[PDB]
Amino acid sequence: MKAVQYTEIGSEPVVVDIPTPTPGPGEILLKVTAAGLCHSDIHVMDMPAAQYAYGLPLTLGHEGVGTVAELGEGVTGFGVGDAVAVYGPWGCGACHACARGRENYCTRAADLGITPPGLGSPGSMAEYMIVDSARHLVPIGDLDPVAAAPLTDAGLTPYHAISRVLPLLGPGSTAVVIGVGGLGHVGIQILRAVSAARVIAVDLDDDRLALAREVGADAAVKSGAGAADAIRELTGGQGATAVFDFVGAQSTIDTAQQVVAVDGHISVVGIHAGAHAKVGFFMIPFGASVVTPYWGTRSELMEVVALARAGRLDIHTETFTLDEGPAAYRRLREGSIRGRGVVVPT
């Protein structure tokens, strides 16, 4: 089969021909319909030799959607042909967190050598992929695969971050969304669908501010030095109930701290090495919690899919072939994809 693999350190990913795999007992083989490109796949290929621990070669792609091609022995709940989205953050399935579906917060996955597809196990950027267990498949029915693929991470991750403090986001509340990219443009829509929060979007790019308005933001503010005061102008000096920072650079976190409300929240979702919120007295309002969430839960993915199927999630995508995969990753580096890049095997 055809696939995109990261085959040497510091070199760009290449199109390859590898064995179509077979499912063993418990596993499921999917024909891939769509495979999302995430900014996190860049962090993975930018890792030095000493830091990279996902093994070589590695079939990329942790945002996966497909149709069931073959059942491994003993597997029930799925028939051949069912369209399914792949739950990425695989856990052990047995710990207290995993039993609540919160496999993203699995404590023992590291020690047992369970790694996500695209981040240690063969991923979705291939004609077929293996899924370890039936519990990591989420039905999508007649959902367009191209729009479903980003739901597995670009939808799931903001959905989770928002879900953690959803009780705070009642009528009267204000949610700030920093970074209207893959994640943030879905985050805005989530906030609108599951809350009455006023949504303020923040980005450097005026085109991305326009995108924020397109997908439901009540206001849009240019990022940088002016941002915090412009957000306080909009909030009447009360601050933002929640900041969802999908950029996660120091300047965005600083902004988040300067605007968050007393008893509010900051969710640092974007990843910049070294960047951190400084949570201590006089550096942040009273009661303003900060967290770095990770991916999301099984029940949350199903909820994201239910939003997509209800028409509440317009996911802006561009389609690529497997051959155009390498090129698409380069496009993702330059920031020229207006939403999410998706690969469709022909």
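Residues carry their position along the shown sequence, with the first being 1.
The deposited model assigns a higher average Cα B-factor to 266 to 274 than to the other stretch when 167 to 175 and 266 to 274 are compared. According to the PDB record, 317 to 325 carries the higher mean C-alpha B-factor of the two stretches 317 to 325 and 295 to 303. Sorting 251, 238, 257, 195 by the CA temperature factor given in the entry leaves 238 at the top.
The entry lists C-alpha B-factors for 113, 88, 184, 155, and the highest of these is at 113.
In the PDB entry, residue 48 places in the highest third of its chain by CA B-factor. Residue 54: CA B factor in the highest third of modelled residues in this chain (values from the PDB entry). Per the deposited record, the Cα B-factor of residue 33 falls in the middle third when ranked against the other modelled residues of its chain. Among all modelled residues in its chain, residue 144 ranks in the middle third by Cα B-factor. For residue 65, the recorded CA B-factor ranks within the middle third of the chain. Only modelled residues enter the ranking.
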